[PDB]
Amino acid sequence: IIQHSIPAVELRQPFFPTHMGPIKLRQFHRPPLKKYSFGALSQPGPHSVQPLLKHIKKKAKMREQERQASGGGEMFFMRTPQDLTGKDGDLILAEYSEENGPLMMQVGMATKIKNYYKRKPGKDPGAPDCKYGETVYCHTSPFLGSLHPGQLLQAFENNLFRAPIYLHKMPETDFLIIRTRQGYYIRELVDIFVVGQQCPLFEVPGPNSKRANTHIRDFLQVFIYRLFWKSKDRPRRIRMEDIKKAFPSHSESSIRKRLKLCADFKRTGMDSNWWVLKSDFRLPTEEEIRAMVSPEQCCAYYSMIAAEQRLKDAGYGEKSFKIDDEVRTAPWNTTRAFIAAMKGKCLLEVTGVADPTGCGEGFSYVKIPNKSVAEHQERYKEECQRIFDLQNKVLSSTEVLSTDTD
């Protein structure tokens, strides 16, 4: 059970962008430092980097007191955008080995760490302890390969994906800088996980699929309801211009569709007119709005449009998505293939063009039929096992390489 932060659950901006142009899609999950137009750090010259130690201790203390003040047990702390800052709480880094994994979290979403352990035969004294995560004793593997007896494997686990992770040490040279309009802050950060290839648990839709089109529609609908809720006017009213600015690729006519059932156009002598909430229309509750569209569904959709943009950039037209190698790497194909195989509907290529590492240390998620048929499945498991073990060994290794001069 995953409980996201309130800003994420509410699909607030900027945590959940309403629109992304080509540039943003290319930079998806890699935001570049952009200059500020105003505020302290818009100014030239040196700026102080501030310590956070007193602040970190204080917030931990305040949070624990709030915990004891009601009057123990479990509390949920991620209620406001302010609670999501890197400025307090314990922090880890996670570095993703896939250049563009099929699903990624937005800021404000939650994930668990699970410590998968397989018992040694006979008298097992229990799993080793880890600094992070909750131990899970598993007789069957949640991955493509099987755990060996006595093997502990850490992993990220959420509704988008499961992925093995490997704990490493941050280099002694490195610090985390947090940057706001107001100043820089610095934190020590020692724990950094390498993330291995994802096992997708959520299916990414194809471009212009019914699923994709239903999603943008519903997301637009949610944004609209939230606009009415934000309005302080009685009767509530919103401006077309504000919707168009958030959804610049929607025609005014398609936006009028979403508005015709809940609102009335009020014309004024000025090129700004209002849509006023109908007096017999009951605005959906917070709880009902949340049920309309989940953060996971937004993540699936984002994955599609970003991939679609990268494909266009590489010369692959919409008619391409009998199929080109590059199109096989698309998240709508890889997630579909992996999930089908998880349900026993087919097997996976494993060795193939969709291996995200390009060098045999990752899996190619491409459907092959279940179609000597005990040898067919034993060969699939053997190959899965080999790559599974290879990935764990390479990504957990502390060996120092050796810059490639090419």
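All residue numbers refer to positions in the sequence shown, first residue = 1.
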Between residue 321 and residue 322, how many deposited residues lack coordinates (none, 1 to 3, 4 to 9, 10 or more)? 10 or more
With respect to the deposited sequence, is there a break between residue 371 and residue 372 in this entry, and if so is it 1 to 3, 4 to 9, or 10 or more residues, or none at all? 10 or more
Mean temperature factor over C-alpha atoms, higher-scoring stretch between 205-213 and 133-141: 133-141
Please compare 380-388 with 9-17 and say which has the higher mean C-alpha temperature factor in the record. 380-388
Highest Cα B-factor in the deposition, which of 154, 82, 253, 297? 253
If I read the C-alpha B-factors straight from the PDB entry, which of 306, 270, 167, 289 is highest? 270
B-factor third for the C-alpha atom of residue 125 within its chain: middle
Per the entry's values, where does residue 244 land by CA temperature factor relative to the rest of its chain, in the lowest, middle or highest third? highest
CA B-factor placement of residue 264, once the chain's modelled residues are sorted into thirds: highest
By the recorded C-alpha temperature factor, relative to the other modelled residues in its chain, which third is residue 119 in? highest
By the entry's values, the third containing the CA B factor of residue 375 is the highest
